[PDB]
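There is one chain below, alone, in structure tokens, taken in the form deposited in one PDB entry.
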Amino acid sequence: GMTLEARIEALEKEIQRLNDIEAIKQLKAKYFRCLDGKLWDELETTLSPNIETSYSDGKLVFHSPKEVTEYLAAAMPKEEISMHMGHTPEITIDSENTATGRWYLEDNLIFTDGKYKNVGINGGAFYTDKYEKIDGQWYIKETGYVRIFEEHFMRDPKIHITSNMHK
């Protein structure tokens, strides 16, 4: 049936897809690691320079990955321990340089100091991301979510936090 050339072409396309899926999984992994490590300069490298600006009365218009990370740093201050835990991705490669990804998030936040001292926040969400490939590298272009649930409460003050990377 098919020539060797045709069989090779098909393999090259299939492998490129698998390589792209794996790169996008590591991209999102790096995003969560840097977000929760508060490694803002490194986090910035996961964001597309063309990161999508979702339009709405009262929301911010971001002009750059740097502005996005300035917002995240303000939203995730030193006093806030965060864990953003990604599960069970569904990655679809839409074209040579675009992709979509679903991620199942669990998040746990603990405020250790300041106005929200001893507040805990837990929740879950289904994210839907868009990614884009620029010069052989994948970036996050747009990231949105539907909350499963979210809750807040006061932690028992007797809970002993014995390690905190942000201290």
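In this text, rigid core is short for the largest set of C-alphas that superpose within 1.5 Å between two forms. Start at 1 and count along the sequence shown; that's the residue number.
Engineer: When the C-alpha temperature factors are averaged for each of 53 to 61 and 137 to 145, which stretch ends up with the higher value in the entry?
Structural biologist: The deposited B-factors put 53 to 61 ahead on the C-alpha mean.
Engineer: When the C-alpha temperature factors are averaged for each of 105 to 113 and 28 to 36, which stretch ends up with the higher value in the entry?
Structural biologist: It is 105 to 113.
Engineer: Looking at the C-alpha B-factor values in the deposited entry, which of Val119, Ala99, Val68, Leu43 comes out highest?
Structural biologist: Highest C-alpha B-factor among the listed residues goes to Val119.
Engineer: Report the third (lowest, middle or highest) to which the CA temperature factor of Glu80 belongs, ranking only the modelled residues of the same chain.
Structural biologist: Its C-alpha B-factor belongs to the middle third of this chain's values.
Engineer: Comparing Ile159 with the other modelled residues of its chain, is its CA B-factor in the lowest, middle or highest third?
Structural biologist: CA B-factor rank for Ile159: highest third.
Engineer: Taking only the Cα B-factors deposited for this chain, tell me whether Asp20 sits in the lowest, middle or highest third.
Structural biologist: Bottom third by C-alpha B-factor.
As for the form deposited in another entry, it is not shown, yet the points below apply to it.
Engineer: Let me spell it out: fit the two forms on their rigid core, measure each listed C-alpha, and pick the one of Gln137, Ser54, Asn108, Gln26 that moves 2 Å or more between the shown form and the other one. Which is it?
Structural biologist: Single hit from the list, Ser54.
Engineer: Core-aligned, is the CA shift for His63 between the shown form and the other one 2 angstroms or more?
Structural biologist: Moves: yes, 2 Å or greater.
Engineer: Given that the shift is 3 Å or more, do the Cα atoms of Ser48 and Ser54 end up closer or farther apart in the other form than in this form?
Structural biologist: Relative to the shown form, the pair is closer.
Engineer: Relative to the form shown here, do the C-alpha atoms of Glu52 and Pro77 sit closer together or farther apart in the other form, given a change of 3 Å or more?
Structural biologist: Note: Cα gap between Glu52 and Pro77 widens in the other form.
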